[PDB]
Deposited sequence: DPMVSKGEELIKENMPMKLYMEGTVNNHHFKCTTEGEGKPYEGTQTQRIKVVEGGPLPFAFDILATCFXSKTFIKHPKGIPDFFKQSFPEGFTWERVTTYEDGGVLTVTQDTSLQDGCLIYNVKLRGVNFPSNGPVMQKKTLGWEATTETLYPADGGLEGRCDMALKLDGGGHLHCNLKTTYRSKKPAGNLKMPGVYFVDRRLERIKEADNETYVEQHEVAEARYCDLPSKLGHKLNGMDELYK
């Protein structure tokens, strides 16, 4: 927390297979963790060009850069210097499944992300393998305390070429590398996000992504 400055750089390494196509990516980026904004510049360094829509990788590329109001304890920033991990299964409504393991560490004042992933059963004539997608809609994730970690649940929608959407459901567990004590847990809360592709080149083997992410407790009145 202490260690997370108003400006922070990040670097990411990714290795994965989707429908039996192996690849690797690297990234460099920076953001403003307390403002909830970040940019990543992504290179497909192995296995490019990808025969699947780069969009399905977008949510793999940074929880430290969520704006948390003062009243919401920040699980992610609190976890440093030790860092944290996250694990996810994304299930697409046409049968695609993507599982991901991520490690987040802080090294020489830089955030370091290591990602491994496997995608299976994306339909050969579906929008993902035919690259007929056009980015993500804005979203709300709900985060729940669970045994000293957080569970995240989010329904997302991939925009399609003629209009319309392909839907998927994200189930994530976030785990701190810090011991149980010395972590103040939030209650149940929400993160609203807008992830946008800002630049791309060479059939998505270079991609620049921007994210804005802001946390909130539900502001609706309660009758108890």
Inset, instruction - Write out the missing regions of the deposited sequence in sequence order, one range per stretch. - result: 1 to 7, 69, 233 to 244
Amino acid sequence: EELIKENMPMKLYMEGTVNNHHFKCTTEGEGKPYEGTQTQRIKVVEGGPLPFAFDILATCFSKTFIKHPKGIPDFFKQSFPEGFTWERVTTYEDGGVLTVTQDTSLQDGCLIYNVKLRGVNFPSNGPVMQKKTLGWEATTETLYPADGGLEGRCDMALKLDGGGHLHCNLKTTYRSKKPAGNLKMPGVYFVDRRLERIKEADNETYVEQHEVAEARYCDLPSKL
From here on, numbers count along this sequence of modelled residues.
Inset, instruction - Give the stretch, out of 208 to 216 and 16 to 24, with the larger mean C-alpha temperature factor in the deposited entry. - result: 16 to 24
Legend entry - Mean Cα B-factor comparison, 88 to 96 or 117 to 125, giving the higher one as deposited: 117 to 125
Inset, instruction - Would you mind finding, among 184, 167, 63, 194, the residue with the largest C-alpha temperature factor in the entry? - result: 184
Legend entry - For residue 73, the third of its chain into which the C-alpha B factor falls: highest
Inset, instruction - Can you work out whether the C-alpha temperature factor of residue 81 puts it in the lowest, middle or highest third of the chain? - result: highest
Legend entry - CA B-factor ranking of residue 147, expressed as a third of its chain: highest
Legend entry - Assigned third (lowest, middle, highest) for the C-alpha B factor of residue 42: middle
Legend entry - Cα B factor band for residue 35 (lowest, middle or highest third within the chain): highest
